[PDB]
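Two forms, one chain: they're shown below as structure tokens, one block per form, named structure 1 and structure 2.
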Structure 1
């Protein structure tokens, strides 16, 4: 059935991390992390005297922070106010008059131009006018996509209701405000209250997300930054970009793992705890996934859920009756266009082949493990090829952005 429920709970990691053997693997992992930190520290201190811990990169990336604070505030207030009261005025007087669609088309057009202009351009304008640095630029683009999807959902959950006729009204501002912070992207008025906020627990999760971000940042500064200088100096057509596409694979793996952990688990669980959300199914065991059709285990449930429900459904609805292939290619096209837009405006670089090559590689992997081929040789090969290929194309992307799209 179509909808959203609250069965799964906690997460998908807190379920395991108290299974004895997995728990001890987890603790060994933490121990190796902390000993790697202490090793780098007290092996580049006694040898260079400085104990560097360079805080250069983020001090430039975060860039103009008060501007993103101010624009995020006005954007939150816009998304919190204008769609709410707009729909409020909308539904209350739906079929008192205007037996044709005139009222509908007109006000829906007002809403559409609101979204596209104010919520599409306003952020894009304030991010391309001041030539924002990517990190803060990424914050703005990210929150703008978030608010676009949340507004589309708040108006997708309630317009088929009022029209089927009593006439369901808009909900309380005291619940809309909450939905604007809920760890989800499907509007519901029904959210289960966990018993109590555990202030110690949310403090621990905030500590974990901040420590995870700082460890990500430190590993970056120490291992991915010097690579970036040495692809900074001579980037055009050296055959020694190979030297580092064979030298950032492992910290690329580490960054992937820790950014997933931090953002998809600690951040979301801490906000859930401060709000007592209840579901906490923010990710699936993506590593076990095998194929796209009917069996995909997304690594991000919120985005996959919104995507499926609000694009694929209505696309099979409108397009045709048996052209599933058309509708699936359509949801691929939607995801591709929005991802390319995000990454392009975020990295001042129009290079649209990244996502589509990602999907070709996903076809490759899924195929080489979806011929009923459980044989571990093929799983190991899939994993090596995943790591290697994502590193390869990451560095080719960084190269093309840095050399051929920098120099004439």
Structure 2
């Protein structure tokens, strides 16, 4: 019915000790060194001198004070008002006569809080202040994580209070402020927080892995520059040939697959692991081997098991017993769908589109491969889907960048 946190170490950290995968990692970072050397040489050729401009990151992270102010107000809101609302509701529930009306009132209050304060704020800051595209993504990912963990907090703390008031003890098991402040930075996503912990904080370890994140970000940056610039920077003498389109979906796979592997590694492994060992909770793995995945169910099961666990437990179970319809084969097909749309939302704000190639891509993916060789099929479909989504998104982004076309129903499909 619940989840057990066991203190096993991260999978990739245990696996990276073997010398072969060690050499794969060294090959990756040698490729990065080659990238930076090629970039410095190209800059020294083009400008003659004065290397290391770093222009794309300056354009993508422009209004950074606005972003950090938005994050400050976001964090203080999601830290203060849900806790205070739950305190008031628990007191008014356990104190006096029939609180079912009061319970529905507080439930509406929390619903409007989450919806208003955590959609309107984060979404309308973007649509009002006209942020850079990458600076929208950080705050929208933050709002998604915050609403997920707030819903987790409430859904975990409701039934305990319910059963304790049914037992009718004045000692209401309300959570404290410090453990909530801890969970707000926890790498997990369920309010049953890191009661299993780590003994000490290896500061060399956290420094190494945080610098690893800081390096992987520049690896993403150099990948974007050296591959997404030559393939996409306004080669728009429109042939509309299927040859050019298939060559884009071919040539964008290497940047696509490198970005996917690298961002998996960076974000999950070292980002979370830095905020794990810095927070004394490195006591849970957050991804099994997603390459060892023949069927689709397993692939979703062990890619970013944080999101998978949150979605599975809360969405699957609660949203399932709420319906228990005659067609329960969609028990996953439903949640993935909204997952799709939330990813669509994640690509709706920062891209200023709604072009749902990820949505229909996921639908074709699932409805085609739900009905060892399966591992090869999974890898080839992953390459092709990654490549097509990357080429389509970059192509539409630069085609709308070509002409502003001043409701965005499928724009820039014609080369402007």
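Numbering follows the first chain given and starts at 1. For clarity, a rigid core is taken as the largest C-alpha set superposing within 1.5 Å between two forms.
- Fit the rigid core and compare the CA positions between structure 1 and structure 2: of 197, 326, 74, 177, just 326 moves by 2 angstroms or more.
- Once both forms are overlaid on the rigid core, the distance between the two CA positions of residue 141 between structure 1 and structure 2 is under 2 angstroms.
- The Cα shift for residue 97 between structure 1 and structure 2, taken after rigid core superposition, is 2 angstroms or larger.
- After superposition on the rigid core, the Cα of residue 292 moves by 2 Å or more between structure 1 and structure 2.
- If you overlay the core, the Cα of residue 359 moves by 3.9 Å between structure 1 and structure 2.
- Once the core of the two forms is superposed, the Cα of residue 223 has moved 1.7 Å between structure 1 and structure 2.
- Superposing the two forms on their core, we find that the Cα atom of residue 381 is displaced by 4.9 Å between structure 1 and structure 2.
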